[PDB]
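Asks: Quick one: the structure is below, questions incoming.
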Amino acid sequence: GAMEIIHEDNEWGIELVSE
Amino acid sequence: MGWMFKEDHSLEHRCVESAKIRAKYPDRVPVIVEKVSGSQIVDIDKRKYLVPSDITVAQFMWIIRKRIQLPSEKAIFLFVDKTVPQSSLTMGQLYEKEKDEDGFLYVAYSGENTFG
């Protein structure tokens, strides 16, 4: 459950894209 | 190559993020985009691309190449589940039909026509 460890290797930032 | 995301943490992350993304952006589809190793094109950051279900594969493809600034000297090709998607197909259709166990889509790109 929410193992949102402070040691994330791969970031994966959210980006809303449209065109 | 392999799935960097799936190696690190996917099931839990994709579950929570899918819920947030569906609640905030119900008309968008959650896609992951990675650079196939060995081609000459620029690399890609680990990001969660959320595109509207209304646009077509043609528009999404054009946006990936425009974002990475693909010059006319090189080419750029996309691949999904080992297939070449139809540019005229809609984002929502391809998403619902290719919807994974985690409700996300995996698309890879190359800057070469022959990957070997």
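Easy rule for this one: first residue shown is 1, then count along the chain.
Technique stated in the header: solution NMR.
Keep in mind that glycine also has a Cβ here, set from the backbone N, Cα and C atoms.
So Swiss-Prot has the following annotated:
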LIPID     B:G116  phosphatidylethanolamine amidated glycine
LIPID     B:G116  phosphatidylserine amidated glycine
MOD_RES   B:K24  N6-acetyllysine
MOD_RES   B:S39  phosphoserine
MOD_RES   B:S87  phosphoserine
MOD_RES   B:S88  phosphoserine
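Can you tell me where each of these features sits in this structure?
Replies: Under the three-state DSSP scheme, B:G116 (phosphatidylethanolamine amidated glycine) falls in the coil class. Around the Cβ of B:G116 (phosphatidylethanolamine amidated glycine), a 10 Å sphere holds 4 further Cβ atoms from the protein chains shown.
Secondary structure at B:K24 (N6-acetyllysine), as computed by DSSP, is helix. In this chain, no residue six or more apart from B:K24 (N6-acetyllysine) has a CB-CB distance below 8 Å.
In the three-state DSSP classification, B:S39 (phosphoserine) falls within coil. The number of other Cβ atoms within 10 Å of the Cβ belonging to B:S39 (phosphoserine), over all protein chains shown, comes to 18.
Shown in sequence order, B:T56, B:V57, B:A58, B:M61 are the residues of the chain, 6+ apart in sequence, with a C-beta less than 8 angstroms from the C-beta of B:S87 (phosphoserine).
The Cβ of B:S88 (phosphoserine) lies under 8 Å from the Cβ of B:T56, B:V57, B:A58, each of which sits 6+ residues away along the same chain.
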Asks: Indicate whether B:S87 (phosphoserine) is helix, strand or coil by DSSP.
Replies: coil
